[PDB]
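According to the entry's author numbering, the first sequence is numbered sequentially starting from 1.
Cβ atoms here follow ideal geometry from the backbone N, Cα and C, with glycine treated the same way.
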Amino acid sequence: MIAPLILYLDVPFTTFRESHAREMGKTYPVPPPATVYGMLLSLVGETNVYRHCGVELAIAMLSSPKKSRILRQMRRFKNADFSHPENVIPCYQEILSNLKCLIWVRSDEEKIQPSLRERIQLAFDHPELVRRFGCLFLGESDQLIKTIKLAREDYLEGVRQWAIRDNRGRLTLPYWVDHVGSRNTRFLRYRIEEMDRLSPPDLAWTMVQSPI
RNA sequence: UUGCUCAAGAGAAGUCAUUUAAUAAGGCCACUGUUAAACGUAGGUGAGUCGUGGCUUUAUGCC
């Protein structure tokens, strides 16, 4: 079998807001599989979200990012008038600083060719042939990606904080997100285990599937 | 195309008005640089202005 594609990721600032965190911008410690899947789709310029269902992703944290809060005058659709003062509310948003991680992409379960792994490999091979819009970001549109590159299993050859699918884990990261409400959002429970493995364990792989 | 797409904590504000580190104080009192000698005899030099004036025989020297 083809070795799973490894994508080194370095982001200066990242906000993985929680699904139920609407009054305050609480963030996940680790990028959810849904956010990484959306980032990869943006990287290959794929607008359709159902195109690459079945891809498996594994995330290894190269360091523990620090959590910080920033005030923000975020807008909302509360009043019909755009200039009404009710449309602006001040609330906190939690950000993560200096996020470095390695992403494993495995595309054995995809039924549509070419697979997401092949598309990412081709995009990195010939960047001038990639047809996409906007700037690559992880989280919010203003949180641009500093370094995204093809790496090996030992890019830093140090110690890795894996995200293991544990039913007793603390984090509840979604592998599918319903942006309207929460009906179609699908969750999985993870834990961050400090391990010196250079390849993801079996429980570290998360398959992105439709809620159906 | 990422719980995403959009998103200024923004506009304004003197740390101000007043306050002697001031009043007093000897670095003072004492001290010998005392005592003695043969010059026996042999060591040198760095810097201008230009055509007769008072004496005197031109002379040639004085001021």
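What distance in whole Å lies between the Cβ atoms of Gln209 and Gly54, which are believed to be in contact at a cut-off of 8 angstroms? 7 angstroms
Taking the alpha carbon of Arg189 as the reference point, which residue from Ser199, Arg183 and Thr206 has its own alpha carbon closest? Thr206
Which residues DSSP lists as bridging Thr27, in chain order: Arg17
Any 3 or more C-beta pairs closer than 8 angstroms across the segment 168-187 and the segment 131-148: no
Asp10 by DSSP, collapsed to three states: which one? The three-state reading of DSSP puts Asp10 in strand, counting E and B together.
Taking the continuous alpha helix (DSSP H) assigned at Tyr37, which residues delimit it? First-last of the alpha helix (DSSP H) with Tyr37: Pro33 to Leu43.
Going by the beta-carbon positions, is the gap between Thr15 and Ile95 smaller than 8 angstroms? yes
Can you tell me the Cα-Cα spacing of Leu99 and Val11, whole angstroms? 5 angstroms
Do you know how far the Cα of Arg165 is from the Cα of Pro200? Roughly 12 angstroms between the two C-alpha positions.
Would you grab the beta carbon distance between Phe13 and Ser97 for me? Rounded to a whole angstrom, and I think it's under 8 angstroms. 6 angstroms
What number of angstroms, rounded off, separates the C-alpha of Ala60 from the C-alpha of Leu173? As the crow flies, the alpha-carbon of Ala60 is around 14 angstroms from that of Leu173.
Sequence-distant residues of the same chain with beta carbon closer than 8 angstroms to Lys111, five excluded per side: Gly54
Distance check for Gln143 and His84, CA to CA, integer angstroms please. Rounded to the nearest angstrom, the two C-alpha atoms are 28 angstroms apart.
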